[PDB]
Amino acid sequence: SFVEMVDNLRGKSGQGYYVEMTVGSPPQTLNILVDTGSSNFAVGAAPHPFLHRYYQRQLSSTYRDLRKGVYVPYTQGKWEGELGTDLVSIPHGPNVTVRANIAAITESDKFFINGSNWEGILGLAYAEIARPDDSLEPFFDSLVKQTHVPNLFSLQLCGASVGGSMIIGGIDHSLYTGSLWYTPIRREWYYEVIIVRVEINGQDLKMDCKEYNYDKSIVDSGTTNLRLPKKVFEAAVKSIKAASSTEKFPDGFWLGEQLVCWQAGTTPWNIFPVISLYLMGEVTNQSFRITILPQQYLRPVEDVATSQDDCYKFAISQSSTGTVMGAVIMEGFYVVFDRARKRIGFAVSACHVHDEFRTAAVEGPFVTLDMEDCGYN
Ligand SMILES: CC(C)c1cccc(CNC[C@@H](O)[C@@H]2C[C@H](C)CCCCCCCCC(=O)N(C)[C@@H](C)C(=O)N2)c1
C-alpha cells in the first residue's frame with residue numbers, strides 16, 4: 001500500500017524536502033527534512049526565531065533522556081543538543097510506530113531557514129557517519145529492526161512550491177517510466193557511488209575518472225546543488241560558459257551568488273548544455289548514464305523585486321569534499337536506495353523535467369573498462 005505515501009513530501013525551492021512525522025505520546029506533529037546525506041534524526045527542541053513549533057520533551061510520557069550531548073557540523077550549518085529516545089511515526093508512511101534515537105536541538109547556527117516549514121531533520125544514511133559516533137543507531141535502522149518494513153526506500157523529488165514522495169519499504173511502479181538502472185553503493189556510510197565518465201552536450205570532459213570521485217561521490221537529498229571537486233568544477237563551468245557564450249553573465253552568477261533573470265517565458269534554455277553523469281553498473285565493464293537538463297541546474301528563485309521575469313541561480317558549485325549529487329540532480333528522477341542489495345537505482349520520474357527538444361534520461365548499457373580505477377583510495 002504505497003499509494004498512501006505518494007505525494008507525502010513538500011518543500012520550497014532551495015530549502016529541501018520534508019515529510020510529516022510525530023514524536024512522543026501524546027503525538028507531537030513536526031515536519032522533518034529528508035536527508036540522505038547524514039544519519040542523525042534531530043528536531044528543534046527549544047525556541048528559535050525561525051521555528052513555528054518544536055519538540056517538547058516534558059509533554060511526552062515516553063521520552064527517555066540518554067544523558068548525553070550531541071552536535072553535528074554539516075558542510076554548511078550545524079546544531080548541538082541532547083540525545084534521548086521516543087516513539088516516532090510517519091502519518092503518510094508505514095503503519096507502524098518505533099522507538100528511535102532523537103537529538104533535541106537546543107542551539108543551532110545557520111541550520112534552520114526563515115519560513116521553511118520544517119522543524120527537524122531525518123538523516124537516512126548509515127551509522128558510520130552518525131554523531132557522536134556509529135553507536136547511535138540511525139532512524140531507518142531502528143525502523144527495519146523493529147518492524148517488517150523492507151530495508152529500502154525510494155525518493156521521487158519533484159521540481160516546480162515543490163513536492164514529491166518518499167516510499168518507505170519499497171518501490172512504487174507508478175512513479176517512474178522505463179527501466180531502473182542500478183549503481184553499487186561503494187561503502188555504507190554516505191550513499192557513496194562511483195562516477196566513471198562525464199560529458200557535456202555529448203563531449204567527454206576527458207579527465208582522469210578518479211577526479212570525479214575525489215575524495216568521494218555521494219547521493220544527497222539534503223544538499224541543494226550538484227557540487228563538484230575543484231578541478232571538475234572548473235572544467236565544467238568553462239564548458240558551460242562556452243556553450244552559453246552568446247549571452248553575458250556576472251561572474252557572481254557562476255559562483256552561485258548573483259541571480260540572473262529573463263523576460264517571463266524567454267529563458268534561453270537551448271544555450272545551456274545537458275550534463276551526462278555515467279555511473280558504475282551492476283555487471284562487468286558496464287555503466288549507464290543519467291542526463292541532466294539546464295532546467296535542473298538553473299534553480300528558479302522568487303523575484304526579490306517585481307515578479308515579472310523568470311530568475312535563476314546557478315545550482316552547480318565547487319566542493320572540497322567530493323562530488324555531491326544533490327536535490328537538483330535527483331529532481332525528475334525516481335531514486336531507489338536499495339540498502340538490502342547495496343545499490344542505488346535511477347529511472348526517469350513520472351514528474352520528469354520538461355524541455356522542448358530535449359529530455360532528461362537514464363540510459364544503458366554502456367561499456368566502460370577499468371571502472372574500479374575511478375574510485376579514490
Ligand atoms: C552530517 C555529516 C555526516 C556531514 C558533514 C559534511 C557533509 C555532509 C554531506 N551532506 C550535507 C547535508 O547533510 C546538509 C544538510 C543541511 C545542513 C540540512 C538543512 C538545510 C536543508 C535545505 C538547504 C540545503 C542547502 C545545502 O545544500 N546545504 C546546507 C549543504 C551544504 C549541506 O551541508 N547540507 C554530511
Side-chain angles (χ1 to χ4, degrees), residues 13 156-160 176-181 183 193 195-207 209 211-213 217 219 223-229 231-247 249 253-254 256 260 262 265-281 287-300 310 312-319 323-335 344-366 368:
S13 179
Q156 172 201 43
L157 302 188
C158 304
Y176 70 94
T177 62
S179 310
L180 266 170
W181 282 90
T183 193
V193 304
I195 296 170
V196 303
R197 181 181 305 169
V198 175
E199 305 183 315
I200 297 181
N201 267 358
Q203 194 110 175
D204 201 312
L205 274 193
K206 279 194 153 304
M207 292 184 73
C209 67
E211 299 291 345
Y212 302 147
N213 310 291
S217 292
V219 179
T223 289
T224 298
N225 302 355
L226 158 62
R227 305 184 73 84
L228 306 165
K231 199 157 189 167
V232 183
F233 177 74
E234 304 180 307
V237 172
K238 171 178 170 180
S239 174
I240 293 173
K241 285 184 181 180
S244 63
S245 70
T246 49
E247 300 235 328
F249 310 86
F253 170 73
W254 300 111
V260 63
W262 279 285
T266 63
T267 306
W269 297 118
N270 67 104
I271 80 177
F272 289 100
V274 302
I275 295 172
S276 291
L277 300 180
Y278 290 68
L279 299 172
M280 175 182 277
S287 65
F288 69 89
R289 75 185 184 198
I290 63 176
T291 293
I292 310 296
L293 293 169
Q295 286 85 348
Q296 273 166 281
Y297 68 76
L298 290 190
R299 187 171 69 78
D310 297 312
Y312 315 80
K313 275 205 177 68
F314 189 52
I316 297 180
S317 42
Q318 176 177 159
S319 170
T323 291
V324 180
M325 287 169 71
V328 300
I329 290 303
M330 297 173 71
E331 286 174 9
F333 293 113
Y334 181 55
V335 189
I344 295 179
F346 297 76
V348 176
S349 163
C351 68
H352 67 286
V353 190
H354 294 293
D355 183 281
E356 301 195 65
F357 67 109
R358 302 174 299 182
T359 173
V362 188
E363 295 168 332
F366 284 84
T368 304

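Counting from 1, the numbers follow the sequence of the chain as shown.
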Exercise. Under 4.5 Å between any side-chain heavy atoms of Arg358 and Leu293, yes or no?
Worked result: yes

Exercise. Between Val348 and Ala361, what is the shortest heavy-atom contact and its length?
Worked result: CG2-CA, 3.9 Å

Problem set entry | Inter-residue atom distance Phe333.CZ - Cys351.SG, 0.5 Å rounding | 11.0 Å

Exercise. Do you know which two heavy atoms are closest between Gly265 and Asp310, and how far apart they sit?
Worked result: N-OD2, 2.6 Å

Exercise. Is the backbone of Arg227 close enough, under 3.5 Å, to the side chain of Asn225 for a donor and an acceptor to pair up by distance?
Worked result: no

For this session: Output all residues satisfying side chain to side chain donor-acceptor pair (under 3.5 Å) with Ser349, sequence neighbours left out; order by chain, then residue number.
Result: none

For this session: Quick one: list whatever passes salt bridge (charged side-chain N to carboxylate O under 4.0 Å, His left out) with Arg289, sequence neighbours left out.
Result: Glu199, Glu363

Exercise. Taking all atoms of both residues into account, what is the closest heavy-atom pair of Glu247 and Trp262, and its distance?
Worked result: OE1-NE1, 2.9 Å

For this session: With the side chain counted from C-beta on, respond yes when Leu157 and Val335 share a heavy-atom pair under 4.5 Å apart, and no when they do not.
Result: no

Exercise. Between the side chains of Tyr312 and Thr267, is a donor N or O closer than 3.5 angstrom to an acceptor N or O?
Worked result: yes

Problem set entry | Separation of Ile316 CD1 from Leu298 CG (nearest 0.5 Å) | 8.0 Å

Problem set entry | Spacing of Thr323 atom OG1 and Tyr212 atom OH [to the nearest 0.5 Å] | 10.0 Å

Exercise. Does the ring center of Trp181 lie less than 6.0 Å from the ring center of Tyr176?
Worked result: no

Exercise. Are any non-hydrogen side-chain atoms of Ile240 and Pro273 less than 4.5 angstrom apart?
Worked result: yes

Problem set entry | Polar side-chain atom of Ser13 near backbone of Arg299 as donor-acceptor pair, under 3.5 Å | no

Problem set entry | Spacing of CG belonging to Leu226 relative to CD1 belonging to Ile292, to within rounding of 0.5 Å | 7.5 Å

Problem set entry | Residue pair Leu180 / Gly345: nearest heavy atoms and the distance that separates them | CD2-C, 4.0 Å

Problem set entry | Residue list, side chain to side chain contact (heavy atoms under 4.5 Å, CB included) with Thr183, at least two apart or on another chain | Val193, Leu279, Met280, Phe288, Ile344, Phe346

For this session: Taking all non-hydrogen atoms of both residues into account, name the closest pair between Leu228 and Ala236 and its distance.
Result: CD1-CB, 4.1 Å

Problem set entry | Heavy-atom donor-acceptor pair, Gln296 side chain to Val328 backbone, under 3.5 Å | yes

Problem set entry | Point-to-point distance, once rounded to the nearest 0.5 Å, from CD of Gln295 to CG of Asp355 | 4.5 Å

For this session: Determine, step by step, whether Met207 and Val232 satisfy the side chain to side chain contact (heavy atoms under 4.5 Å, CB included) criterion, reporting the C-alpha distance in whole Å, the side-chain angles of both residues, the deciding distance to 0.1 Å, and the verdict.
Result: CA-CA 8 Å; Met207 292 184 73; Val232 183; 4.1 Å; yes

Exercise. Is the CD atom of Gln203 crowded by more than 12 outside heavy atoms at less than 6.0 Å?
Worked result: no

For this session: Measure across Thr368 and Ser287 and return the closest heavy-atom pair with its distance rounded to 0.1 Å.
Result: OG1-OG, 2.7 Å

Exercise. For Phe314, which of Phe249, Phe272, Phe253 qualifies under ring pair (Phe, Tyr, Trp, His ring centres under 6.0 Å)?
Worked result: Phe253

Problem set entry | Contact check, side chains of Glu211 and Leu205, non-hydrogen atoms, under 4.5 Å | no

Exercise. Atom NZ of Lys206 and atom CZ of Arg197: how far apart are they, to the nearest 0.5 Å?
Worked result: 9.5 Å

For this session: Show your working on side chain to side chain contact (heavy atoms under 4.5 Å, CB included) between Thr291 and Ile275 and close with a plain yes or no.
Result: CA-CA 6 Å; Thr291 293; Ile275 295 172; over 6 Å; no

